[PDB]
Each structure stands twice: as C-alpha cells, then as structure tokens.
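Everything on this sheet refers to the single structure shown next.
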Amino acid sequence: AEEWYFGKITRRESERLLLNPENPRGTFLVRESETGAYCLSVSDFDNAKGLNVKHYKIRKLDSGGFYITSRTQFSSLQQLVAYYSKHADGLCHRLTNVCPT
Ligand SMILES: [Cl-]
Ligand SMILES: [Cl-]
C-alpha cells in the first residue's frame with residue numbers, strides 16, 4: 001500500500017504527526033531512513049514519557065528480504081506492515097492505525 005508510506009519525511013516531522021493525541025496506541029508510518037533504508041515509526045505510551053514515538057530501522061538481507069528483528073523477514077514492506085499489524089512480536093506495540101494527515 002502507499003497510504004502508510006510517507007517517503008522523504010524527517011524523523012522530527014514523523015514524531016510531530018505521530019504524537020497527535022487522537023492517535024490510537026500503535027499508530028504508524030513508514031519513511032525513508034534519514035541516516036537507502038526505511039523506517040517504521042510507531043506511537044506508544046507509558047507514564048514517564050506519556051505519548052511517544054518508537055523508531056525501528058527496516059534493514060534488508062543480501063538475499064532480498066526486509067527485516068527489523070532476528071527470525072522474521074519479508075519480501076516487501078507491505079508484507080512487513082501486514083504482519084506487524086497482526087502481531088507485535090518484538091515491536092513496542094502492534095500496528096493499529098495509519099498516521100493521520
Ligand atoms: Cl533514521
Ligand atoms: Cl536509525
């Protein structure tokens with residue numbers, strides 16, 4: 001899908017969008033790594049930080065496969081988004097809602 005792909009948006013810009021108070025815990029967006037890789041940014045919550053954002057670097061295997069953890073890989077970013085919206089499996093929270101605006 002292209003809806004959760006925000007492209008060349010910076011890390012602080014994605015945080016300002018994800019920190020939106022109407023956003024359900026687990027709101028996300030995929031963007032290009034600021035530092036040719038991609039990044040999954042997810043909104044989270046805890047009492048110390050309150051509303052916050054987690055950033056995961058989406059890496060690629062040399063055999064062609066996207067990954068974030070060590071036991072799961074995908075053929076596309078859409079397959080990765082789909083898997084993580086069903087299971088958190090290592091992520092702070094599972095993907096629940098595509099980031100607004
Ligand atoms: Cl980055
Ligand atoms: Cl990073």
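The way I read the labels, and the way they are meant: chains A, B, ... in the order of the structure tokens, residue 1 as the first residue of every chain, and ligand 1 as the first ligand shown, with later ones counted on from there.
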
Counting only C-alpha atoms, what is within 8 Å of range 43-46 of chain A, bar same-chain residues fewer than 3 positions away, as an MDAnalysis selection string?
chainID A and resid 18:19 23:28 49:54 92:93

Cut-off 12 Å: closest chain A/ligand 2 atom pairs per residue, using only C-alpha atoms and all ligand atoms, as CSV:
residue,atom,partner,partner_atom_place_in_ligand_line,distance
A:10,CA,ligand 2,1 (Cl),11.6
A:11,CA,ligand 2,1 (Cl),9.4
A:31,CA,ligand 2,1 (Cl),11.3
A:32,CA,ligand 2,1 (Cl),10.3
A:33,CA,ligand 2,1 (Cl),6.8
A:34,CA,ligand 2,1 (Cl),7.7
A:35,CA,ligand 2,1 (Cl),6.7
A:36,CA,ligand 2,1 (Cl),11.7
A:37,CA,ligand 2,1 (Cl),9.3
A:38,CA,ligand 2,1 (Cl),9.0
A:39,CA,ligand 2,1 (Cl),7.4
A:40,CA,ligand 2,1 (Cl),9.7
A:41,CA,ligand 2,1 (Cl),10.3
A:54,CA,ligand 2,1 (Cl),10.3
A:55,CA,ligand 2,1 (Cl),6.9
A:56,CA,ligand 2,1 (Cl),6.6
A:57,CA,ligand 2,1 (Cl),5.1
A:58,CA,ligand 2,1 (Cl),8.7
A:59,CA,ligand 2,1 (Cl),10.0
A:68,CA,ligand 2,1 (Cl),11.1

Which residue is closest to ligand 1? Choose from A:98, A:91, A:9, A:1 and count only C-alpha atoms and all ligand atoms.
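Result for the nearest residue to ligand 1: A:9.
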
List every residue of chain A that DSSP, applied to the backbone of this structure, assigns to strand (DSSP E), and report them as number ranges by chain.
A: 27-32, 38-46, 50-61, 65-67, 97-98

Restricting it to C-alpha atoms, dump the selection as a PDB file, in the first residue's frame.
ATOM      1  CA  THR A  27      -0.307   4.429  15.007  1.00  0.00           C
ATOM      2  CA  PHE A  28       2.411   4.202  12.379  1.00  0.00           C
ATOM      3  CA  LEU A  29       4.076   5.288   9.165  1.00  0.00           C
ATOM      4  CA  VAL A  30       6.960   4.040   7.045  1.00  0.00           C
ATOM      5  CA  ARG A  31       9.507   6.550   5.801  1.00  0.00           C
ATOM      6  CA  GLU A  32      12.985   6.659   4.288  1.00  0.00           C
ATOM      7  CA  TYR A  38      13.465   2.527   5.526  1.00  0.00           C
ATOM      8  CA  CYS A  39      11.977   3.223   8.949  1.00  0.00           C
ATOM      9  CA  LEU A  40       8.847   2.218  10.802  1.00  0.00           C
ATOM     10  CA  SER A  41       7.772   4.870  13.317  1.00  0.00           C
ATOM     11  CA  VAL A  42       5.125   3.835  15.855  1.00  0.00           C
ATOM     12  CA  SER A  43       3.293   5.824  18.538  1.00  0.00           C
ATOM     13  CA  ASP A  44       3.391   4.421  22.069  1.00  0.00           C
ATOM     14  CA  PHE A  45       2.527   5.288  25.671  1.00  0.00           C
ATOM     15  CA  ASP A  46       3.904   4.959  29.200  1.00  0.00           C
ATOM     16  CA  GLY A  50       3.424   9.974  28.103  1.00  0.00           C
ATOM     17  CA  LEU A  51       2.735   9.828  24.353  1.00  0.00           C
ATOM     18  CA  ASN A  52       5.917   8.899  22.496  1.00  0.00           C
ATOM     19  CA  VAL A  53       7.357   7.540  19.266  1.00  0.00           C
ATOM     20  CA  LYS A  54       9.394   4.409  18.629  1.00  0.00           C
ATOM     21  CA  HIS A  55      11.609   4.235  15.517  1.00  0.00           C
ATOM     22  CA  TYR A  56      12.622   0.896  14.004  1.00  0.00           C
ATOM     23  CA  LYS A  57      15.218   0.649  11.237  1.00  0.00           C
ATOM     24  CA  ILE A  58      13.989  -1.549   8.404  1.00  0.00           C
ATOM     25  CA  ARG A  59      17.020  -3.443   7.105  1.00  0.00           C
ATOM     26  CA  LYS A  60      17.422  -5.615   4.031  1.00  0.00           C
ATOM     27  CA  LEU A  61      19.055  -9.015   3.725  1.00  0.00           C
ATOM     28  CA  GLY A  65      14.194  -9.518   2.251  1.00  0.00           C
ATOM     29  CA  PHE A  66      13.159  -6.738   4.646  1.00  0.00           C
ATOM     30  CA  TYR A  67      13.541  -7.187   8.400  1.00  0.00           C
ATOM     31  CA  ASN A  97      -3.732   2.675  12.638  1.00  0.00           C
ATOM     32  CA  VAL A  98      -2.096   4.520   9.707  1.00  0.00           C
TER      33      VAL A  98
END

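CA of residue 96 in chain A lies 20.1 Å from CA of residue 73 in chain A.
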
My list of candidates is A:76, A:2, A:89, A:12. Which is closest to ligand 1 when distances are computed with only C-alpha atoms and all ligand atoms?
A:12

Chain A: residues DSSP assigns to helix (DSSP H, G or I), reported as a PyMOL selection string
chain A and resi 11-18+77-84

Keeping only N, CA and C atoms, take the residues you just selected and write them out as a PDB file, in the first residue's frame.
ATOM      1  N   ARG A  11      12.727  12.632  10.692  1.00  0.00           N
ATOM      2  CA  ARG A  11      12.361  11.977  11.948  1.00  0.00           C
ATOM      3  C   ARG A  11      11.534  12.837  12.900  1.00  0.00           C
ATOM      4  N   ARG A  12      11.841  14.129  12.973  1.00  0.00           N
ATOM      5  CA  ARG A  12      11.098  15.024  13.854  1.00  0.00           C
ATOM      6  C   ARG A  12       9.706  15.311  13.297  1.00  0.00           C
ATOM      7  N   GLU A  13       9.587  15.326  11.970  1.00  0.00           N
ATOM      8  CA  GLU A  13       8.301  15.567  11.322  1.00  0.00           C
ATOM      9  C   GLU A  13       7.353  14.399  11.583  1.00  0.00           C
ATOM     10  N   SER A  14       7.884  13.174  11.509  1.00  0.00           N
ATOM     11  CA  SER A  14       7.090  11.967  11.739  1.00  0.00           C
ATOM     12  C   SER A  14       6.660  11.879  13.205  1.00  0.00           C
ATOM     13  N   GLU A  15       7.505  12.391  14.098  1.00  0.00           N
ATOM     14  CA  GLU A  15       7.188  12.394  15.524  1.00  0.00           C
ATOM     15  C   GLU A  15       6.061  13.382  15.832  1.00  0.00           C
ATOM     16  N   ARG A  16       6.098  14.548  15.192  1.00  0.00           N
ATOM     17  CA  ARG A  16       5.068  15.558  15.400  1.00  0.00           C
ATOM     18  C   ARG A  16       3.698  15.034  14.944  1.00  0.00           C
ATOM     19  N   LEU A  17       3.689  14.247  13.867  1.00  0.00           N
ATOM     20  CA  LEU A  17       2.451  13.675  13.344  1.00  0.00           C
ATOM     21  C   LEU A  17       1.957  12.527  14.212  1.00  0.00           C
ATOM     22  N   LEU A  18       2.890  11.681  14.634  1.00  0.00           N
ATOM     23  CA  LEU A  18       2.563  10.524  15.444  1.00  0.00           C
ATOM     24  C   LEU A  18       2.195  10.875  16.873  1.00  0.00           C
ATOM     25  N   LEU A  77       7.714  -4.309   1.917  1.00  0.00           N
ATOM     26  CA  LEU A  77       7.373  -3.516   3.100  1.00  0.00           C
ATOM     27  C   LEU A  77       5.884  -3.685   3.432  1.00  0.00           C
ATOM     28  N   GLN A  78       5.067  -3.962   2.413  1.00  0.00           N
ATOM     29  CA  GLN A  78       3.637  -4.172   2.637  1.00  0.00           C
ATOM     30  C   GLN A  78       3.368  -5.483   3.381  1.00  0.00           C
ATOM     31  N   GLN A  79       4.238  -6.475   3.181  1.00  0.00           N
ATOM     32  CA  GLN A  79       4.087  -7.768   3.847  1.00  0.00           C
ATOM     33  C   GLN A  79       4.528  -7.607   5.300  1.00  0.00           C
ATOM     34  N   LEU A  80       5.491  -6.709   5.504  1.00  0.00           N
ATOM     35  CA  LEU A  80       6.036  -6.392   6.825  1.00  0.00           C
ATOM     36  C   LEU A  80       4.992  -5.645   7.664  1.00  0.00           C
ATOM     37  N   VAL A  81       4.326  -4.674   7.036  1.00  0.00           N
ATOM     38  CA  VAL A  81       3.290  -3.865   7.681  1.00  0.00           C
ATOM     39  C   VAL A  81       2.109  -4.751   8.071  1.00  0.00           C
ATOM     40  N   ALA A  82       1.730  -5.635   7.151  1.00  0.00           N
ATOM     41  CA  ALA A  82       0.633  -6.575   7.341  1.00  0.00           C
ATOM     42  C   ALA A  82       0.874  -7.549   8.503  1.00  0.00           C
ATOM     43  N   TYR A  83       2.101  -8.056   8.608  1.00  0.00           N
ATOM     44  CA  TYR A  83       2.488  -8.993   9.673  1.00  0.00           C
ATOM     45  C   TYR A  83       2.450  -8.305  11.034  1.00  0.00           C
ATOM     46  N   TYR A  84       3.055  -7.120  11.108  1.00  0.00           N
ATOM     47  CA  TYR A  84       3.110  -6.376  12.356  1.00  0.00           C
ATOM     48  C   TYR A  84       1.821  -5.709  12.805  1.00  0.00           C
TER      49      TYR A  84
END

Length of the CA of residue 21 in chain A to CA of residue 101 in chain A vector [Å]:
13.0 Å

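Across the structure, CA of residue 100 in chain A and CA of residue 8 in chain A are spaced 16.4 Å apart.
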